[PDB]
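The chain that follows stands alone, in the form deposited in one PDB entry, written as structure tokens.
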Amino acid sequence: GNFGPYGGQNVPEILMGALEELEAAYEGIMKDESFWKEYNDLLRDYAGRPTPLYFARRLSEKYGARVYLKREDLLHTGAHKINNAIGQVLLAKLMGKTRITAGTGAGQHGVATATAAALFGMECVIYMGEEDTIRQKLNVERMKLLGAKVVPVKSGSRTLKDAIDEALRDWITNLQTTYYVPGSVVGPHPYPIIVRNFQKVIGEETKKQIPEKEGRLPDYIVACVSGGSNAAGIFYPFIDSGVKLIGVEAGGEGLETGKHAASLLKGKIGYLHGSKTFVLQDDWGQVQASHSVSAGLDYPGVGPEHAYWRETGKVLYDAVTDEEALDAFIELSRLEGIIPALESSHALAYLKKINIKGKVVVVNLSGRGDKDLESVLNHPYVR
């Protein structure tokens, strides 16, 4: 589970037995026709796959380009997270586990996990930073109705990083019964591989859909990147194809302000939540608090596969600010009638940063922005 020098299994020793068990089970289902039948049936009828690739005519006219939106916002629960949550909770049920735990920032992973746990009849305990239980309270309501226990985390920054800390402590305390579901491609092997392999359906669909619209591969594919699961899913089938793959990190108040979540652009090599990867840290190796207007991107690390792609030049990375993402959120609502997630709005904001006159561009619309409605309107820049 190494992507060049990145990745690995950097965990307390007690977890190695659990990770070896998970790796053996996963390798078992990768050749199991019955797993992929039930999983693909649920993706189609329960989640709503395949998602359409939508020609955004008014957006295209504004930029003089051909802009297509991969509509992951149309999935059940409203975000790409459901592709991963269904697959992993199914794997957990097949392994004999009876309990699910996870951390969540925007609440989209928590809702998707609680949804899969209700579908498969499993106990579910979701950890979420206290600050995020307010900015994304609508998702807290959904989780409780779906039968999950929501535990607010008041430690540290009280956001995603600290929720994951608590979920990992829960997992270690409950290894007998509990399967830990990471929401992104960050974690000890085999988790980054498992999550990416559940999300690459996005890129595989996109790869079959775009020739039907333009007769060729796109010029650009743009996706937002915090941990990196939605971007890994759409990028993976296109690696080394010649398409320009652009991952967009959260620039927060600005890359020079110290208030951002741009791990690849501003972090250093380090260890976080099981992975050797790029992490925002001070000069003494202490992990720093991240910041973003988007709770989903508010995380100080990045997936090890993206650190490897950045190093080898297979994917290009940049960042946009809070204000640029807010402008793109408003722009898509007005021009196309689609309210995007504030996470995905970072990708849409990057349309202003590339020379795309006459170019074919696919933007990964990773989720819908109903959860962000209150925080956008109350933001001082929008007011």
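Between two forms, the rigid core is defined as the largest C-alpha subset superposing within 1.5 Å. In this text, residue numbers run from 1 along the sequence as written.
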query	finding
Of 199-207 and 139-147, the stretch whose C-alpha atoms average the higher B-factor in the entry	139-147
157-165 set against 246-254, stretch whose average Cα temperature factor tops the other in the entry	157-165
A261, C224, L94, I194, ranked by C-alpha B-factor: the highest one	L94
Residue of maximum C-alpha B factor among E38, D327, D318, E336, per deposited coordinates	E38
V360 CA temperature factor, ranked by third within the chain	lowest
Third of the chain, ranked by Cα B-factor, where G7 sits	lowest
Ranked C-alpha temperature factor of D73 among modelled chain residues, by third	middle
Ranked C-alpha temperature factor of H346 among modelled chain residues, by third	lowest
Third of the chain's Cα B-factor distribution that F55 belongs to, per the entry	middle
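One more form of this protein exists, namely the form deposited in another entry; it is left out here, but the text below deals with it.
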{"item": "Option from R216, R169, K137, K149 moving between the shown form and the other one, CA shift at or above 2 Å, rigid core reference", "value": "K137"}
{"item": "Pair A114/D132, Cα separation in the other entry versus the displayed form, closer or farther by 3 angstroms or more", "value": "farther"}
{"item": "Inter-Cα distance between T133 and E331 in the other entry, nearer or further [3 Å or more]", "value": "closer"}
